[PDB]
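Shown next as structure tokens: one chain only, the form deposited in one PDB entry.
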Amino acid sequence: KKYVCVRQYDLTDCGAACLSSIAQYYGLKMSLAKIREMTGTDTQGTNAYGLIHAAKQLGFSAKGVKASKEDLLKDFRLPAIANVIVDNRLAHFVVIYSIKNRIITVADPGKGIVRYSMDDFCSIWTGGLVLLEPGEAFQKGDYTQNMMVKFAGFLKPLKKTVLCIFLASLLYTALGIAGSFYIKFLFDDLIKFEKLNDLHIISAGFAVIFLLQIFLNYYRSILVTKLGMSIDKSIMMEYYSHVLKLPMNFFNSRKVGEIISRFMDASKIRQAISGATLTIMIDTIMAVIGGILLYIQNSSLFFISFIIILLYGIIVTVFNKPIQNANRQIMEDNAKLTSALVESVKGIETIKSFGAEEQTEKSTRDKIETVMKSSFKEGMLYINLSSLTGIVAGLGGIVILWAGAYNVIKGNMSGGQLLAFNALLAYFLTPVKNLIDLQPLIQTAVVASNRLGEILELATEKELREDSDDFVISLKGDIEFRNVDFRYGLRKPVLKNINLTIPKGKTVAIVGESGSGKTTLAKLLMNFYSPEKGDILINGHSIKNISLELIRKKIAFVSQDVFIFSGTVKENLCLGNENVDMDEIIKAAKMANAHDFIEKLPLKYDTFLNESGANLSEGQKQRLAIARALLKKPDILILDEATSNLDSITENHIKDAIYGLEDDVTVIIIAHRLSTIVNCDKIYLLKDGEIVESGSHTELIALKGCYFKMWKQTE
């Protein structure tokens, strides 16, 4: 078959792109976002294990192997995925499509289909190799939707506005074509016969025609601008409204820039949903009319103009791909340069301390040299294209004048007819030029449409939920963790056999080393992600059977990396609750040591916090998040190291406030320092993805084990 090279949409889906390329080669085409989900792609890329798992899930019979140079000489199944080390810095995945004699053909998702010498490839190729092969169940499919047709459905509500633009454009074209004959009327009839009154009348008429043309252009431009803005708003709002409902495995498997950069894809789609269709509809008819009139004037000059436009189209089509390749290379070089500059400015402390101001300048100079070289290559491409186009256009114009003069001499036409032909050349050549120039626009728009609309196919969190029992209205009760496994994407498991029981209304504590997996437990309790095996039970009933809206309402979370949104203090403290009085916000502020703190701030509970509360320190944001947590009025309250960044008095006040919490409210505290929590009802110590000891402080100390050793070596 053809060598399918699925270009990567992002910087980290090279493995997903390679797997998609293999699947499309073998006849299966699906969304790249879906495959990126199956491969377990994270913000740090994809490993071979994820590729193997996704291929087996897709019906392939995959395996991994390490190979040497002699293995390439041996024969095996050609379409395999291989590791490369670009610039001996960055690992990457490519697809080896064929191994010809001492040359290698690889689809690299970042570049395209390229050829490498065997020695150079073996130099840049790591021994890792993934072999893919269709299995028993590999039903070929086309599980994708034409995203251009889907996004063209936003023109249906605005059909009246598109109709007015089309009529205005037709009238504009007709008026311009009619007005292009002024030069013919001047020389053939007025100047030759010395008609003055007719000259004045005809000139006034053509001026009126031009004024009408200008008014039509003004109206059409207004309508086109409105149409484009409406389509842009619709696309961006749909994308954002869908993104806000996606599960948490979507957000932590993607960088912030990756999610945000889809907003420019909306403009890129709109540029073809509105611009391209309108351009096609108007310019096809305009070019047909212009060509018919040009042939009416003279056949030979029309053929010359057709040859001119054919040459222009040939040149532009030939120069299409190199220009876009150069632009992509420039973009990558600029990204590298700006990353280096940001790293150097951010880490100026270390540079100054180690006297590295000289080698840093050299590295930045080298990167700027690379950027300048890429810019010069692209500029040379543009200069060559412009020179060829100018040669074609100018020589064609001179040839048209020459042939027209010959025809006038021979009596085949008149001078005024030749001048009118020169005038109508605009209305014939500009439409065809625009139709040719739509080619780069459509490809970019299609890429952007795929990028933006592959996300809109992803199932939201509320759609993936099971049947929800409506009789469950309270989360107050025991919290049981059965045999529960977990892993972030397709990495090494974080939790292995987390089995525990939380009595209702009892303060409970979880302690452990950094990166042990306590925050993972806390997020599992809140339907953020789901356990691989087992279930989480609250008052007998399973979590999955509890309504998602309810459980997120009756569970409060105080993470370590608290986020303060740009808004007033009253708005930050009441994030989802839109019907709250003022006294209970005051009360919740008192128990979190924030009431006096915020009162000392200017104004009242109305101060907008600039740049995500940058003026507040870490402790102030900790207090605000805790206050919001109580304000939520939960049945379960999880405090993940909320007292680590606070001072002694504030920590003591928070501890005595949460300990003496009214109602049978379950409290869970995740701590790294053991001395911070000693009077807790029960303490859970998990070391290697499993609780190894459970009991009170008097019980855990008495029983020799990991807890006793940790207490002795930390206190």
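Here the rigid core means the biggest group of C-alpha atoms that line up within 1.5 Å when the two forms are laid on top of each other. The numbering used is simple: start at 1 and walk along the sequence shown.
Keep in mind that the form deposited in another entry is not shown, yet the notes after this line are about it.
Rigid-core fit between this form and the one not shown: of 212, 537, 171, 405, the one residue whose Cα shifts 2 angstroms or more is 405. Comparing the forms between this form and the one not shown on their rigid core, the Cα displacement of residue 350 reaches 2 Å or more.
Once the rigid core is overlaid between this form and the one not shown, residue 225 does not reach a Cα shift of 2 Å, moving by less than that. Core-superposed comparison between this form and the one not shown: the C-alpha position of residue 567 differs by less than 2 Å.
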